[PDB]
């Protein structure tokens, strides 16, 4: 359930599900952002520190790559699972693939070479279709949603941090993100330089006090 601590903070802060952390001091805010990008060099999970690779750090939302080969692999596997949950439709795809197979098989036999082959699987069909996340038309909200949905897939990630993203989002959008995150039950941090609407959030004051 991951907790955060630094010199300014007297007691470690619990980051469960969706958390907004607002730091009103510019120099402390900029410093913490810097330290996130440098994690870990300077200074629940039973006292266990998170590996650098467990961190998912986002400032440039639109530029963030949600279509990496590891992510595509998980999406295609998830889609294969959807077919597995529908035996009716899975059989349809298989029947279609078997017809295709025999058409290619006939051409293989006509070819002068002694040719062999394996099979066309549902997963191979999904991959060949080039299924990917649409990002071209993304609003910043839409891309934030896609990033969180990807974080849901990544088991080796246990903290997603949006740096200074609040400025792009309406109150209703922040709520919608948070509600999805709460349902997901993985830790997300919105690290903000000023109050994000009137939403529940941890505020470190200009006098370094926690609210």
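Residue numbers count along the first chain shown, from 1.
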(request) Could you bin the unmodelled part of the deposited chain lying between residue 43 and residue 44 as none, 1 to 3, 4 to 9, or 10 or more? (result) 4 to 9
(request) With reference to the PDB entry, specify whether the mean Cα temperature factor is higher for 70-78 or for 123-131. (result) 70-78
(request) Determine, for stretches 135-143 and 90-98, which one has the higher mean CA B-factor as deposited. (result) 90-98
(request) Sort 149, 49, 30, 165 by C-alpha B-factor from the entry and give me just the highest. (result) 49
(message) Among the choices 107, 118, 114, 85, identify the one whose CA B-factor in the record is greatest.
(response) 85
(message) Ranking every modelled residue in this chain by its Cα temperature factor as given in the entry, which third contains residue 60?
(response) lowest
(request) Compare the C-alpha B factor of residue 184 with those of the other modelled residues in its chain, then answer lowest, middle or highest third. (result) highest
